[PDB]
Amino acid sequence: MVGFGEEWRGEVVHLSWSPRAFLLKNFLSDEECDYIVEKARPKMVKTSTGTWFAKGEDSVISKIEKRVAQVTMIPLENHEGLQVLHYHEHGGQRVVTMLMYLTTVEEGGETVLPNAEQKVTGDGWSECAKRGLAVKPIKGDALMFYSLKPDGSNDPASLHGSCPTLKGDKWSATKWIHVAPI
């Protein structure tokens, strides 16, 4: 799994400069989300359950991993494997997080960034979500953000957590990528 591997094409929404963050709409197909859930399901171990796929371990996931390299412009040598969660030498510093929603969550369950410069307000945001910048889980969407400033210093605005789900069932996959080859 090196370099960059027909490209992905969807909608990009800029969310913030602190942390620098983008929403990628329909980054995963519905078919890809359902695959990842079912492939992960029998591996899930204990809140949330989870499992880990090594970079390049799975053929369908590997296609997606290439897509992440392409959109981030960072070669696959720098990437970790894939963490899947269900809610109920090393490459140097981590620089970018990609969080992919495998299911749509009707109410609550937002990713929240409480130290972001923005807070969400009003209709359709849970009370937890209103503590910072938040993103609704929609199947196929991906939240991309940088944990370092351009000069390589820490961006504390990139701290994130999961709001409790009030209506629905939240599955997510998280890809971390480093400044250098692992």
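The numbering used is simple: start at 1 and walk along the sequence shown.
Missing deposited residues between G5 and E6: 1 to 3, all without coordinates in the entry. The modelled chain breaks after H88 and resumes at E89, leaving 10 or more residues of the deposited sequence without coordinates. Compared with the other modelled residues of the chain, the Cα B-factor recorded for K39 ranks in the middle third. In this PDB entry, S153 carries a Cα temperature factor that places it within the lowest third of its chain's modelled residues.
Ranked by Cα temperature factor within the chain, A21 sits in the lowest third according to the deposited record. Ranked by Cα temperature factor within the chain, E110 sits in the lowest third according to the deposited record.
When the modelled residues of the chain are ordered by their C-alpha B factor, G132 lands in the middle third.
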